[PDB]
Every structure is written in C-alpha cells, then in structure tokens.
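Q: Sharing a structure below in structure tokens format, with a few things to ask.
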RNA sequence: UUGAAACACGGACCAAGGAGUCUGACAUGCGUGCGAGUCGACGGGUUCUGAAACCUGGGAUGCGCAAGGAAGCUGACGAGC
RNA sequence: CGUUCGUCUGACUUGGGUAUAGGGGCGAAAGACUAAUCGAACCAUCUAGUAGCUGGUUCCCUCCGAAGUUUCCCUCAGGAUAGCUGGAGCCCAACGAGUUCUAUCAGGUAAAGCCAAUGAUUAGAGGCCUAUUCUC
RNA sequence: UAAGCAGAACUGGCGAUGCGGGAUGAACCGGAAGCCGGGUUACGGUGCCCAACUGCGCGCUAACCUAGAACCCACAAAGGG
RNA sequence: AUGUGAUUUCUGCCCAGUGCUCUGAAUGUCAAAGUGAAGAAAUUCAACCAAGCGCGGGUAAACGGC
RNA sequence: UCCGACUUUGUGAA
RNA sequence: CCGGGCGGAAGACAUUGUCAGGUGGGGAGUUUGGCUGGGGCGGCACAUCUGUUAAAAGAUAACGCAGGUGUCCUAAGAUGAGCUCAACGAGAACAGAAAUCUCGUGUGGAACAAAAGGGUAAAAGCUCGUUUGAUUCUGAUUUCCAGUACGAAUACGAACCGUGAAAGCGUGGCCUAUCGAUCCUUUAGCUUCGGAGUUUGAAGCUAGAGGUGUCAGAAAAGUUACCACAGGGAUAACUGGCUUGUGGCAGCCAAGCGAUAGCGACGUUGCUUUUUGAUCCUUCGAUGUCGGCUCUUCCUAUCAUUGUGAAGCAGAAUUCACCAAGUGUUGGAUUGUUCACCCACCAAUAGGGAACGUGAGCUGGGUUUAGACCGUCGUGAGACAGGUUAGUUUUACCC
Ligand SMILES: [K+]
Ligand SMILES: [K+]
Ligand SMILES: [K+]
Ligand SMILES: [K+]
Ligand SMILES: [K+]
Ligand SMILES: [K+]
Ligand SMILES: [K+]
Ligand SMILES: [K+]
Ligand SMILES: [K+]
Ligand SMILES: [K+]
Ligand SMILES: [K+]
Ligand SMILES: [K+]
Ligand SMILES: [K+]
Ligand SMILES: [K+]
Ligand SMILES: [K+]
Ligand SMILES: [K+]
Ligand SMILES: [K+]
Ligand SMILES: [K+]
Ligand SMILES: [K+]
Ligand SMILES: [K+]
Ligand SMILES: [K+]
Ligand SMILES: [K+]
Ligand SMILES: [K+]
Ligand SMILES: [Mg+2]
Ligand SMILES: [Mg+2]
Ligand SMILES: [Mg+2]
Ligand SMILES: [Mg+2]
Ligand SMILES: [Mg+2]
Ligand SMILES: [Mg+2]
Ligand SMILES: [Mg+2]
Ligand SMILES: [Mg+2]
Ligand SMILES: [Mg+2]
Ligand SMILES: [Mg+2]
Ligand SMILES: [Mg+2]
Ligand SMILES: [Mg+2]
Ligand SMILES: [Mg+2]
Ligand SMILES: [Mg+2]
Ligand SMILES: [Mg+2]
Ligand SMILES: [Mg+2]
Ligand SMILES: [Mg+2]
Ligand SMILES: [Mg+2]
Ligand SMILES: [Mg+2]
Ligand SMILES: [Mg+2]
Ligand SMILES: [Mg+2]
Ligand SMILES: [Mg+2]
Ligand SMILES: [Mg+2]
Ligand SMILES: [Mg+2]
Ligand SMILES: [Mg+2]
Ligand SMILES: [Mg+2]
Ligand SMILES: [Mg+2]
Ligand SMILES: [Mg+2]
Ligand SMILES: [Mg+2]
Ligand SMILES: [Mg+2]
Ligand SMILES: [Mg+2]
Ligand SMILES: [Mg+2]
Ligand SMILES: [Mg+2]
Ligand SMILES: [Mg+2]
Ligand SMILES: [Mg+2]
Ligand SMILES: [Mg+2]
Ligand SMILES: [Mg+2]
Ligand SMILES: [Mg+2]
Ligand SMILES: [Mg+2]
Ligand SMILES: [Mg+2]
Ligand SMILES: [Mg+2]
Ligand SMILES: [Mg+2]
Ligand SMILES: [Mg+2]
Ligand SMILES: [Mg+2]
Ligand SMILES: [Mg+2]
Ligand SMILES: [Mg+2]
Ligand SMILES: [Mg+2]
Ligand SMILES: [Mg+2]
Ligand SMILES: [Mg+2]
Ligand SMILES: [Mg+2]
Ligand SMILES: [Mg+2]
Ligand SMILES: [Mg+2]
Ligand SMILES: [Mg+2]
Ligand SMILES: [Mg+2]
Ligand SMILES: [Mg+2]
Ligand SMILES: [Mg+2]
Ligand SMILES: [Mg+2]
Ligand SMILES: [Mg+2]
Ligand SMILES: [Mg+2]
Ligand SMILES: [Zn+2]
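Chains as they are written, first to last, in the UniProt record's numbering: chain A, 2 to 99; chain B, 2 to 53; chain C, 210 to 246.
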C-alpha cells in the first residue's frame, strides 16, 4: 500500500469546516505513562505474594495491523485520525507507479 | 518426592557415629609454659587399638 | 533424582552445580572433569 | 429410556420413622387499609391476666410526588387526530 | 494345615531397654514397612465440603396439556434464549381462515434438448470444410 | 455393496394411547375413549379351535420337494419342463 | 557424593547438543542504593553499574551419539 | 543459596 | 623488679538485620480445548465465501462433492472523453509458427488483483485528462436473526468537495468472503480533583488504534502397568441381532480345451453365516474373554462304508453324478495355540453348529495387574499392539 503525503480532505475544526490541505503521517502509540491509574492499580496488585494476578495474552493470530494515518490541517494545525485496511507493507509518499 | 538418603544423614538419628568402645580423643597435651620454653619427658605405657 | 525409568539409567548429566539445593545435589558435585585420563 | 414382561437396575416380609422447608432481596398476580401521600419498624408513655393490647414521636426516617447528564449544571411555559 | 523344600559359626537367630513420626521416619530398594490401614498412617474438627452425575421424592377427583426444534455459550450427559403449555385476566365482536374460486406476478425441479451455447461422445458420406448419424 | 446403518425435505404417527383386526408385535389397517341399555357398522372374517355359510356360481391346480393359503411380513433369482 | 559389578581380558572414535567446570577477553547485556542535569516540585532524563547471562577454553569410567 | 547497597562500623597515614 | 591486657588468631573485613538482582521440579499450587460412525493418531467439516447436493418461494444435514479466504491496490478508488476485446481471412524487404504495419469479419468466443458463479461493448473492458467522496455528523433499513451484537451492504437527510458543457455519477474496489466485546494502554477533539485559587499531574466525555483465528473473545505441558471417584450400555473390547462387500459354496450362456466324458474364458444369477469387515440394538450397581482335556447331541455343502447312473469305463485303478447323516473318521514329533506342517497306521483319516457348546467340570501353557531384563522410542516420568522370566482360578444344602 502506498499513500501520498498531501491529501486534500474535509477538516471539522470550527475555524474551517471545509476541505483543506492535510499533511499525512503514520500514527504510533505514545509512551506508556507510569502514573496512569490502571498502571498504579496494577503495580499495587502485583506487589506481594500471589504471583501473576492478571491474564497475559499469548495466542497471537493477526499478522497485520490497521494502519492509522494522522492528517494535519495546514490551516488549523489540528489533527485527524483515519485507519485503513490491513496491509503487510506500508509507506507514505513512495514512488508512483508509471 | 520424599527426603533422599543424603539429606537424612544430617538429622543424625540413625547416622550418628558408633563411638561406644572408643578410648578417647587422641591429641597432644594442652600447650603450657614447659612446652613453650623447654621440654617435658613422658613415658609410653601402652600401644592400644582404637575401634574405627 | 536417578530413580525410575524402564531401564536403569540416570537420564541426565550426573555432574551437578555447586549451588544445587539439597535433595538435588547428587552424583558428581561441581566436577571440573570426568572420565579416566 | 426412542423403546421394559425383559437375559437392564432396586425390591424376602412387617411396623415405626423418611425428602421443595425457614430466612433475606426482588418480581407479577390477588386480597386489605389509606391515598399525594403512606409507613410508628427504634424509642418514649402506659398497661392489675399479659413478652398482648392501647397512645405517642417524622415540618421532612424510608419509599413515592421529576428528569436528563460522566460532570459542572440545568429542569417539563400546559396537545391534537 | 500336610508333604516337599532353603539356610544353619555367620552380612547368623532372638528377648528387654533405647533412638528416629506422616510429605515425616525407615528402607541390602519390592513404593517395601511405619499396630489386619500406605504411590503419603490413624483420630477429631473445618463439614450437612462440592457434584452439569446416579437413586428416591408420601392423599383423591376435575379441567387444560407438551418438547426433543432456533440462537449463543471451553457449549457435546449442562445452561440461557425463542418456540410449544398452564394460570390470571382484560378488551371488545365486524374481523378473520394450515380451504377453494377469479385475476395477476415469480421460479429452472421433473421431463426434454444436443438435428441450439459449454463439455463428453460412435460412425460412415460427399468435397481441413459441408450435410448427416449412435449415445450422454 | 448393504444394514433393524448413517444423514436431510413435506406430512402423519408412536413417544404421551387405551380399544377392534394383522395368531404374536410402540409405529401396520380401523378407530381414538365419562358409567350404562338397545340398534348398526369399520378393518377383518363365516370347517373346528372362534362369534358368523361346510351358502349360491364359473374356472385353474394334483405338488412321489412339508403343494398352497392375509398390506407392512417375516424372502427368493437368472434359467428350464 | 555417584556409576559399574569377583577373577581373566579389553574398554575404540566423538566436546557440535545438553550438562558440569575455568585461574580466562572485558562491556555486549546489566538491580536496589549512591551520582549528576533539568524542573517550582512531584518527577523525568543521563552516566556509573554486582553476580549471573553472553564471549572464549576444558571435560564422555558426564548425559549421550557412532 | 550466590551477589550488591545500607546497618553493625571505630581510629590514623600517604 | 616493674606493668590495674587470661593466652593467641583474624579484624572494621567477616557476621547479623533489611532491601535489591540471579539461580532454584529440592518443594508448593494449578492447568494440560472441542468436534469425532468409541477414544487416540489424522483432519478442521470451530470465524468464513462460491457452485452443487437442495426435491423450480424461503429454509434445509453428514469427517457429503468441487473449490476459496486472514490478502492486494493512490490506483487496480472517483469522474469525463475517446476507443474495442479474443480469434479468424487476405496482404507488406529482411521476417519464418510466433517480431511490426494494412484492410475485412468478429454477441464477447477477451478483459475486469484473487475462488467460483453472476454481470458488463459509444462499458463495468483498454488509453488519456483532471482528481481524492477510500471525507464529516448521526439516524433508518437489509442480510445473520432471538428478528440481539459484530462484520458487510443499501436508501435517505444535513455539510464539504471531485469530475464533467451538463444532466448526472462519486459515502472505496462491478456483485456475492476478506474480520474482533468488557477491563487496561495509547491517540484525536470542554467537566472534575469536593475550603478558595494559580498551576504540573491525574481522572472524565465523544471517536479511532493496540486482540482475542477455539474467531459472542479462560492466562496453561506430560505420564500413570501403583492408581482413585461419579457415572455411562448416550460409548469401544466376548456373544447374540441386521448386512454380506470380503470369505465359502452353487448355478445360467458357450468362445475355446479335450462346446458340454471331464473342463470351461469373456459375461451374468444366486445361496450361506464355522471368515473378516460394516453397524452400535442388548448388556458397564459385571452374562468369567484363548486354547486344549472330557461328554452328549445336531447339520450336510458325503471323506470312507451300502445301493446305483456316466466316462475319453478292456481289466485293475480313477473321475463325474444320484438316493443317502445308519456306522466310522485314529496314534504321534514341533508349537500355548486355533491354524499349520511332517511321521505312521487305516476302509477313510470329510467339513461344520450347539452363547466362536462346555472354567460353582478341570487346567492355566497364552492374553492381561502389581517384580524384573533387553531392543527401539522419549530430556524425563514412562511407552511398545516387540521379545523374555516369576506371578492366589472362590460358593451349591435353593428351584
Ligand atoms: K500480590
Ligand atoms: K518431601
Ligand atoms: K532414571
Ligand atoms: K430386577
Ligand atoms: K415522609
Ligand atoms: K454528557
Ligand atoms: K548360607
Ligand atoms: K531345617
Ligand atoms: K540384641
Ligand atoms: K501424610
Ligand atoms: K453434564
Ligand atoms: K427441451
Ligand atoms: K451439445
Ligand atoms: K559413570
Ligand atoms: K559434545
Ligand atoms: K559441551
Ligand atoms: K562488614
Ligand atoms: K531467592
Ligand atoms: K524447582
Ligand atoms: K470458543
Ligand atoms: K457373499
Ligand atoms: K459391561
Ligand atoms: K516362583
Ligand atoms: Mg519483595
Ligand atoms: Mg525427583
Ligand atoms: Mg438404550
Ligand atoms: Mg417397567
Ligand atoms: Mg430380553
Ligand atoms: Mg443402574
Ligand atoms: Mg436384589
Ligand atoms: Mg412414615
Ligand atoms: Mg509347610
Ligand atoms: Mg524429619
Ligand atoms: Mg534390611
Ligand atoms: Mg514399580
Ligand atoms: Mg480424620
Ligand atoms: Mg469462551
Ligand atoms: Mg442419564
Ligand atoms: Mg440444472
Ligand atoms: Mg433429467
Ligand atoms: Mg420420554
Ligand atoms: Mg415409554
Ligand atoms: Mg350394542
Ligand atoms: Mg365349499
Ligand atoms: Mg403374521
Ligand atoms: Mg421361468
Ligand atoms: Mg561399589
Ligand atoms: Mg565445548
Ligand atoms: Mg556482566
Ligand atoms: Mg540503578
Ligand atoms: Mg531478592
Ligand atoms: Mg509440582
Ligand atoms: Mg472429546
Ligand atoms: Mg474410532
Ligand atoms: Mg485428532
Ligand atoms: Mg440448482
Ligand atoms: Mg422446493
Ligand atoms: Mg429453493
Ligand atoms: Mg468474478
Ligand atoms: Mg460499499
Ligand atoms: Mg466542475
Ligand atoms: Mg474499477
Ligand atoms: Mg460498489
Ligand atoms: Mg478497541
Ligand atoms: Mg464462538
Ligand atoms: Mg447402545
Ligand atoms: Mg464372494
Ligand atoms: Mg469367470
Ligand atoms: Mg447387570
Ligand atoms: Mg453364567
Ligand atoms: Mg455372575
Ligand atoms: Mg445330499
Ligand atoms: Mg454321520
Ligand atoms: Mg460360530
Ligand atoms: Mg465359548
Ligand atoms: Mg471357574
Ligand atoms: Mg476355559
Ligand atoms: Mg458353566
Ligand atoms: Mg501364565
Ligand atoms: Mg507384569
Ligand atoms: Mg535416550
Ligand atoms: Mg511369565
Ligand atoms: Zn482546518
């Protein structure tokens, strides 16, 4: 899959509720916070005796992921999120065919 | 499993040493002034067998 | 640890770590070498 | 049990004993009282037959009488066919 | 228990005393023995342990009266779910009906076809082609 | 290959159901049911067992193979005289 | 603490694997404490960093293979 | 059981 | 004689206490899918598509048949314009069967990412131009269906755009598969932290991603021949029942052999239940599972013996057939055998049934408990339908 980097698409920001030019980047999961409540709750639960207290998922079956494209309006500088279908190989702004 | 034989010897129950007919500890006389500075003569009275 | 089997055989190396727990430390303990030279 | 007279199980006989109960929370139905109210349940007063009974404490105890929203907070301006 | 058999100066037989206690002991090793109990003794308690599994489940008459099918479930001898059934009613009386008739739509199964497309398939005839031909 | 085998469609039936017939039998045929009297039928029968003709009528068969004789059903073939 | 199982006779080859082991290279990974830099602070970041692991060597009358 | 930090834990020389 | 150090050794290291990291079947606890012509091995019929079975509405099963799916694509998405595809016929130096050009025919015999089925010709195919509608907000409906969810799809509305002169078309791919809850984490676009603020951090609301393929979604390895319990005849291993493919036996035709003495190919019809399968109806609160010994009856598909018919029957012998089950069918070597194979005798050494007759008749050699060897397999505990050796056979007085 090859996607360009200058898609023109609808921006829902109140500044411009119309079609504007967007930059295209790939979303990545942000850094996990050690202060998140579920993390603080998990660490309190794991302390002491009892071993593992939560299920640890093993049986992976998917070989792909849904790629999420971050679209940044070039007027607001605000962002949009868009997922596409599962692909094995992905790139943004690769060489066009023909 | 159950406790192995190598472990059971440390309890010393049936694995204590058989010493009922032993003649006593064999060792030098306690170090003292005469030995530290001169000599002391003793006489051998018996040459005996010690079980074990 | 050597017990069992349908033939009398150790089934694993008879050389054992120096730090093995009692009950596990059987055979040749912390051997630098084995065999007859 | 699809199918038992079964070569499927239980049962020699007799007597006595022997298994959907009590409690809590809801729900529908029904019955009784009162009704935008209802409940006197914990207490107090009293009680010469009484662990009954009778009286009394609610101007806010509980459910009702008002929603929606995570929340901050807002809250029914009065129908026709 | 009977006959037969193994050993019999030694790693011999045996009394009493004493030590080692349960995931522990003790074992010339059979998971053997540990009070008729041992691949973890016995006693009391937790404890009326749990059981989708087996067995039982006590008076009479009257009326109504099934299902073994759908979906989901570590679901397959079990549950919930819808269906089938009872009870309670209540609301009413033109509305309907496991049926026909009149009209009008829809279908590609039986049969048929190959002398029509796709596929299979026998034979000659006349000039690869043409007209036939047996059988799917 | 088949099976009283294994699996589907429509309907009925047994399961949950007695009663008459099929000698017998969950399902076949008839027919479904309060306690009775009288009359008549269904299926099936009328030589005896067994209630009802050894009834009236035409043919075919002769089995020295246990001739043959009631849906399901309790078997028979190619081929011969 | 193990294996084999009187005597006689002999016990071949294999250290890749799994074990055991080493006085060997040192940095590849690498905890708590301690250190430093930001920040108003909570905190975050970074360097340092034990054994062990990894790297290298030995070992079959170790498990085993032929 | 090995290994590190703190504690036990003090004093003085280059 | 004087020193208010019992005498040495190590020494702020070791050791203790608390944290941190490694190792740790020595020990503890737990798990170790499902479907399934028993279970296991195998497969995946577990989410999921096409054609068929499927009985011309819909729905419809099997470990039925033939195939497919977890992807791929900034174009292979959107739109406008132009064009026509496979194949064939006749032609043109190199150049031929296939190189490039030209005319004529050409209902698709091509192409459309993929499996299959549908569908499409001034297109849905090919070429070129411009593009991002593969966009935002929620609702409704269809398929599955409980008429819940998810996925997928369709028809509107309210925006913002693309392309075309325009009407129109476009909410991804011509259609039918191509995918995923709660909790937790992370990201995109005002509320709270409750004594009041500023202000980091945290918690919320709306919408996506990270994933559960056993696909409405537990976090999970073996072995038991030392074994246990609750139950199954819903479910294997004896018998019996149905079936008869396989086993055995008997016919019809007659090309051949030597047509029908005796045989008989290519075909074709049966019977039987001493083979083995197939099934799973009975039995799991138990019907004592091999073989032999003993003993009695039964069958006939007749081996011998009685009486016959036929011959390629001279005799002798032998072969085919008929009526016939009256009487017989033996002693031994090896093997637990059944089965077998040899020795010998004999008139002949036929075949079978009776819960594969017969264990409260015996026996116990084999199978098959617990001990123990070996080989192969397994890291191991252990396995073997491979071999080997040792291994308690209960009760009748009832009808
Ligand atoms: K814990
Ligand atoms: K133990
Ligand atoms: K072993
Ligand atoms: K009985
Ligand atoms: K009140
Ligand atoms: K809200
Ligand atoms: K002796
Ligand atoms: K004796
Ligand atoms: K003694
Ligand atoms: K115990
Ligand atoms: K169950
Ligand atoms: K036709
Ligand atoms: K045709
Ligand atoms: K050894
Ligand atoms: K090696
Ligand atoms: K090695
Ligand atoms: K120290
Ligand atoms: K530890
Ligand atoms: K361990
Ligand atoms: K599942
Ligand atoms: K047959
Ligand atoms: K049984
Ligand atoms: K013996
Ligand atoms: Mg801790
Ligand atoms: Mg062990
Ligand atoms: Mg049954
Ligand atoms: Mg009964
Ligand atoms: Mg019976
Ligand atoms: Mg029973
Ligand atoms: Mg009984
Ligand atoms: Mg009683
Ligand atoms: Mg004796
Ligand atoms: Mg002890
Ligand atoms: Mg002994
Ligand atoms: Mg054993
Ligand atoms: Mg007890
Ligand atoms: Mg589940
Ligand atoms: Mg049952
Ligand atoms: Mg058709
Ligand atoms: Mg037809
Ligand atoms: Mg029933
Ligand atoms: Mg019944
Ligand atoms: Mg009458
Ligand atoms: Mg007559
Ligand atoms: Mg009959
Ligand atoms: Mg005839
Ligand atoms: Mg020795
Ligand atoms: Mg090496
Ligand atoms: Mg290191
Ligand atoms: Mg650190
Ligand atoms: Mg630690
Ligand atoms: Mg364990
Ligand atoms: Mg299973
Ligand atoms: Mg099987
Ligand atoms: Mg399998
Ligand atoms: Mg069809
Ligand atoms: Mg139909
Ligand atoms: Mg249909
Ligand atoms: Mg297609
Ligand atoms: Mg679509
Ligand atoms: Mg335009
Ligand atoms: Mg397209
Ligand atoms: Mg479309
Ligand atoms: Mg999610
Ligand atoms: Mg599921
Ligand atoms: Mg059965
Ligand atoms: Mg045959
Ligand atoms: Mg033949
Ligand atoms: Mg029984
Ligand atoms: Mg019996
Ligand atoms: Mg019995
Ligand atoms: Mg005969
Ligand atoms: Mg006879
Ligand atoms: Mg038999
Ligand atoms: Mg028998
Ligand atoms: Mg017996
Ligand atoms: Mg026997
Ligand atoms: Mg008997
Ligand atoms: Mg035996
Ligand atoms: Mg054995
Ligand atoms: Mg091995
Ligand atoms: Mg034996
Ligand atoms: Zn914008």
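The beta carbon of each residue, even a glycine, is placed where N, CA and C say it ideally should be.
#1: Hey, could you find the ends of the alpha helix (DSSP H) residue 38(A) is sitting in?
#2: Where residue 44(A) and residue 28(A) are concerned, what is the direct C-alpha to C-alpha distance, given to the nearest angstrom?
#3: Counting pairs of Cβ atoms below 8 angstroms between the segment 71-91 of chain A and the segment 8-15 of chain A, do you hit three or more?
#4: Mind pulling the beta strand (DSSP E) runs of 3 or more residues that sit fully within the segment 62-95 of chain A?
#5: Within its chain, find whatever has a CB closer than 8 angstroms to the CB of residue 51(B); leave out the 5 residues flanking it on each side and keep chain order.
#6: Residue 3(B): which of 233(C), 246(C), 243(C) and 238(C) sits nearest, CA to CA?
#7: Am I right that residue 224(C) and residue 214(C) are in contact with their C-beta atoms under 8 angstroms? What's the rounded C-beta distance?
#8: Determine whether the Cβ of residue 49(B) lies closer than 9 angstroms to any Cβ atom of chain C.
#9: Residue 235(C) touches chain B at which residues, Cβ-Cβ below 8 angstroms?
#10: By Cβ distance, which residues of its chain are closer than 6 angstroms to residue 68(A), with the 5 residues on each side in sequence left out?
#11: Reducing DSSP to helix, strand and coil, say where residue 29(A) ends up.
#12: Which value, in whole angstroms, describes the spacing of the CA atoms of residue 32(A) and residue 210(C)?
#13: Looking at residue 238(C): is its Cβ nearer than 9 angstroms to the Cβ of residue 227(C)?
#14: Taking only three categories from DSSP, how would you classify residue 38(B)?
#15: Which of helix, strand or coil does DSSP assign to residue 60(A)?
#16: Would you say residue 220(C) reaches chain B, if we count a Cβ-Cβ gap shorter than 9 angstroms as a contact?
#17: Output, in chain order, the set of chain B residues within a Cβ distance shorter than 9 angstroms of residue 232(C).
A: Checking against the coordinates, here is how it stands:
#1: Under the DSSP assignment, residue 38(A) falls in the alpha helix (DSSP H) whose first and last residues are 38-47.
#2: Rounded to the nearest angstrom, the two C-alpha atoms are 28 angstroms apart.
#3: Enough Cβ pairs lie closer than 8 angstroms, so yes.
#4: As far as the segment 62-95 of chain A is concerned, its whole beta strand (DSSP E) runs of at least 3 residues are 69-74 and 80-84.
#5: 23, 24 and 27, listed in sequence order.
#6: Out of 233(C), 246(C), 243(C) and 238(C), 233(C) has the C-alpha closest to the C-alpha of residue 3(B).
#7: Not quite, the Cβ-Cβ distance comes to about 19 angstroms (not below 8 angstroms), so this is no contact.
#8: No, no contact with chain C.
#9: For residue 235(C), the neighbours in chain B by C-beta distance under 8 angstroms run, in chain order, 5 and 7.
#10: The residues 85 and 91, in chain order, have a CB closer than 6 angstroms to that of residue 68(A) in the same chain once the five nearest residues on each side in sequence are set aside.
#11: Here residue 29(A) sits in coil by DSSP.
#12: Roughly 48 angstroms separates the two Cα atoms.
#13: The answer is yes: Cβ separation under 9 angstroms.
#14: Here residue 38(B) sits in helix by DSSP.
#15: Look at residue 60(A) here: in three-state DSSP terms it is coil, with no helix or strand label.
#16: Output row for residue 220(C): interface = no.
#17: Going along chain B in sequence order, the residues near residue 232(C) (Cβ under 9 angstroms) are 2, 4, 5, 7 and 8.
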